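One chain is shown next in structure tokens, namely the form deposited in one PDB entry.
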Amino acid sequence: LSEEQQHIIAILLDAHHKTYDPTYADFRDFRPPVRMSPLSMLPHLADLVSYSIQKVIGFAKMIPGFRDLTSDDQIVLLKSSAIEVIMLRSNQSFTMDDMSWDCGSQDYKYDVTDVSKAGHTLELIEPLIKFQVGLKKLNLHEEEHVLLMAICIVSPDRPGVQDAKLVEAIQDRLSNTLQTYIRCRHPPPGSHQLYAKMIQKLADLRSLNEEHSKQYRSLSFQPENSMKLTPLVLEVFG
């Protein structure tokens, strides 16, 4: 790892620590989970997602190179990646003990039923769980995890990106930092084809993004559902 690559990693780790609270303190402020419209978990999960978008923005701002992109390109990258980075960053609370996201409260332990009660079907939910499990099984170090989120966000192939050459240059610098980290630090057998496996997770995220988008488009078209969404969610997923 070069001095620059070490600095990239330190910046990303700090950014994550500043935008991911592992105590889940802020969750009391969300509208309450209702588990008893049948979309009873829509308000709570809308608030959780809206909060998560704010954190992804805060993280992206710190990725080296990101703020040198035009405003338009920064916006395109964030609107297109937000759901994906949310899925990635949620892996940190995900637990293979019961295939749930454990966020420090009995009622903030989210399961497949919860996501269905925000309007989603198993067409999204089952691949989502498979994704979380596969990702957990990679046993990523925190450095690998934050690099992967950064690479996800800085993707030159997102629809509407203007300066794809600059976005690619930034992404390749992050990708090379990741490959060097794996070579230098990740022990066998976990390191074997790790970079490839991580790149595959990015491809899996594109598929989950497409399905989430389709389902979101449908559920949000119902004014009773849309009225329960936050302005930020409406804008970012719109």
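For clarity, a rigid core is taken as the largest C-alpha set superposing within 1.5 Å between two forms. Numbers for residues come from their place in the sequence shown, where the first is 1.
Coordinates are lacking for 10 or more deposited residues between residue 36 and residue 37. For the pair 98 to 106 and 129 to 137, the record assigns the higher mean C-alpha temperature factor to 98 to 106. Just going by the entry, 10 to 18 versus 212 to 220 on mean CA temperature factor gives the higher value to 212 to 220. The residue among 54, 207, 175, 191 whose C-alpha carries the highest B-factor in the deposited model is 191. Per the PDB entry, 30 shows the highest C-alpha temperature factor of the residues 59, 66, 181, 30. Residue-level temperature factors show residue 200 in the highest third of its chain, judged at the C-alpha atom. In the PDB entry, residue 74 places in the lowest third of its chain by CA B-factor. The deposited CA B-factor of residue 162 belongs to the highest third of values across its chain. Ranked by Cα temperature factor within the chain, residue 143 sits in the lowest third according to the deposited record.
In the PDB entry, a CA B factor belonging to the lowest third of its chain's modelled residues is recorded for residue 232.
One more form of this protein should be noted, the form deposited in another entry, which is absent from this view; the next part is about it.
Residue showing a CA shift of 2 Å or more between the shown form and the other one (rigid core superposed; candidates 54, 191, 200, 176): 191. Superposed on the core, the two forms differ at residue 214: its CA moves 2 Å or more between the shown form and the other one. Figure legend: C-alpha atoms of residue 111 and residue 190, shown here, are separated by at least 3 angstroms more in the other form. Between residue 15 and residue 186, the C-alpha separation grows by 3 Å or more in the other form, relative to the conformation displayed.
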